[PDB]
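Enquirer:
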Amino acid sequence: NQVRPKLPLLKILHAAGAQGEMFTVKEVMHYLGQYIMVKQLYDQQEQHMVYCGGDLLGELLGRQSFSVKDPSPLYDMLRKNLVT
Ligand SMILES: C[C@@H](c1ccc(Cl)cc1)n1cnc(-c2ccccc2)c1-c1c(C(=O)NCCN2CCN(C3CCCCC3)CC2)[nH]c2cc(Cl)ccc12
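The numbers in PDB author numbering rise by one with no breaks, and the one at position 30 of the sequence shown is 55.
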C-alpha cells in the first residue's frame, strides 16, 4: 500500500511538512494539497485554480495551471513519480 516518490517529488513533499520517504497515496495527496497552500499557488479569487508554472510542481506536471476539479493530469504525474 506504500509508495516511494522520486527525488524531485520527495523534495516537494518535505517542503509541505512530510517526513521520511515512504508514503501512502493518500499521504502524498494530503501533502501535495499542503504544498499548494504553503507556496500560495492557488488563486484566492478562484480557489479551485492552481498556478504551478515556474514552480517545481509545474515542471513535474508539465503544466502552467490546473483545476482541482480536474485531477486527471495529477494522477498521471504520480504514476510517473511514485514507485510502488
Ligand atoms: C478534495 C481535494 C483534492 C485532492 C486531490 C485532487 Cl487530485 C484534487 C482535489 N482538494 C480540494 N481542494 C484542494 C485544494 C484546493 C486549493 C489549494 C489546495 C488544495 C484539494 C487538494 C488536496 C487536499 O488534500 N485537500 C483537503 C481539503 N481542502 C479543501 C480546500 N481547502 C482550502 C483551499 C484554498 C483556500 C482555503 C481552503 C484546503 C483543504 N490535496 C490536493 C493535491 C493536489 Cl495535487 C491538488 C488538489 C488537492
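Think of the CB as a built atom: it goes at the ideal place given N, C-alpha and C, for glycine as much as any other residue.
What residue from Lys51, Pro96, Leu107 and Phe91 has the CA that sits closest to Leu66's CA?
Expert: Sequence index remark: in the sequence shown, residue 66 carries index 41 (1-based). Answer by Cα proximity: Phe91.
Enquirer: Where do the N-terminal and C-terminal ends of the alpha helix (DSSP H) with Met47 fall, by residue?
Expert: One-based indexing of the sequence shown puts residue 47 at position 22. Taken as a continuous stretch (DSSP letters only), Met47 belongs to no alpha helix (DSSP H), as it is neither H nor E.
Enquirer: Quick check: is any heavy atom of ligand 1 less than 7 Å from the C-beta of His39?
Expert: Translated into positions along the sequence shown, residue 39 becomes position 14. Outside the cutoff, so no.
Enquirer: Taking 7 Å as the line, does the beta carbon of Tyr76 fall inside it for any heavy atom of ligand 1?
Expert: Taking the first residue of the sequence shown as 1, we reach residue 76 at position 51. False, no ligand heavy atom lies under 7 Å from that Cβ.
Enquirer: For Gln89, which three-state DSSP category applies?
Expert: As a working mapping, residue 89 is identified with position 64 in the sequence shown. Here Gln89 sits in coil by DSSP.
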